[PDB]
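One structure below.
Ligands are counted one by one from 1 in listed order, and the atoms in each one are counted from 1 as well. When reading the values below, keep in mind they use all heavy atoms of this one structure, side chains included, and skip hydrogens, waters and symmetry mates. Numbers here simply count residues along the sequence, with the first being 1.
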Amino acid sequence: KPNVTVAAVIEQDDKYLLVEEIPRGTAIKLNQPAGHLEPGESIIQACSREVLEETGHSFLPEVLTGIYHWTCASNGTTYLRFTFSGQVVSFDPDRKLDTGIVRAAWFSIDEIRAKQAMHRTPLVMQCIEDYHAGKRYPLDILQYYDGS
Ligand SMILES: [Cl-]
Ligand code: NA
């Protein structure tokens with residue numbers, strides 16, 4: 001009954017790959033590459049899929065950084081967000097980005113903090129803080145069964 005989501009913390013030389021997105025209406029929000037788990041996939045693969053679909057970069061997950069369980073008061077919806085850190089290992093500017101993505105770009109911590117009011121949720125900042133705090137957990141905490 002909570003919605004399972006995934007998000008990627010992608011840091012390269014003290015900048016983070018984030019998206020500016022319009023989730024509803026017209027307002028631009030800042031967020032990690034992120035989205036809902038879909039049937040038929042593992043959580044780690046959902047994370048890589050979201051990075052590719054939202055940014056046009058391919059992702060190599062390395063660690064779990066945290067799992068966040070919260071309720072968005074504005075939409076009454078409870079989420080369980082599995083957040084991973086990893087590398088980006090390819091980029092192709094012609095890859096189509098999901099509708100609703102304005103642009104994907106690299107932001108420094110100062111820029112992210114100054115944009116706090118337009119963060120999609122409080123988790124945008126929290127996920128980065130936890131990553132910066134050295135929170136790194138093995139991917140193999142998760143065991144997926146594909147149904148073979
Ligand atoms: Cl919990
Ligand atoms: Na395993």
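- Around the Na ion (ligand 2), the protein atoms of type N, O or S that sit closer than 3.0 Å are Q143 OE1.
- Ring-plane geometry between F91 and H57 is classed as parallel, the angle between the planes falling under 30 degrees on a 0 to 90 degree scale with a further cut at 60.
- Taking the six-membered ring where the residue is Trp, the centroids of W70 and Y79 are separated by under 6.0 Å.
- Heavy-atom minimum distance, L123 versus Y68: CD1-CB, 3.7 Å.
- The distance from the CD atom of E11 to the NE2 atom of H132 is 9.0 Å, given to the nearest 0.5 Å.
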Apply side-chain contact (heavy atoms from CB on, under 4.5 Å) to residues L142 and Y144 and explain how you reach the verdict. CA-CA 6 Å; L142 276 165; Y144 179 58; over 6 Å; no
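- In this model, no donor atom of one side chain and acceptor atom of the other lie less than 3.5 Å apart for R103 and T55.
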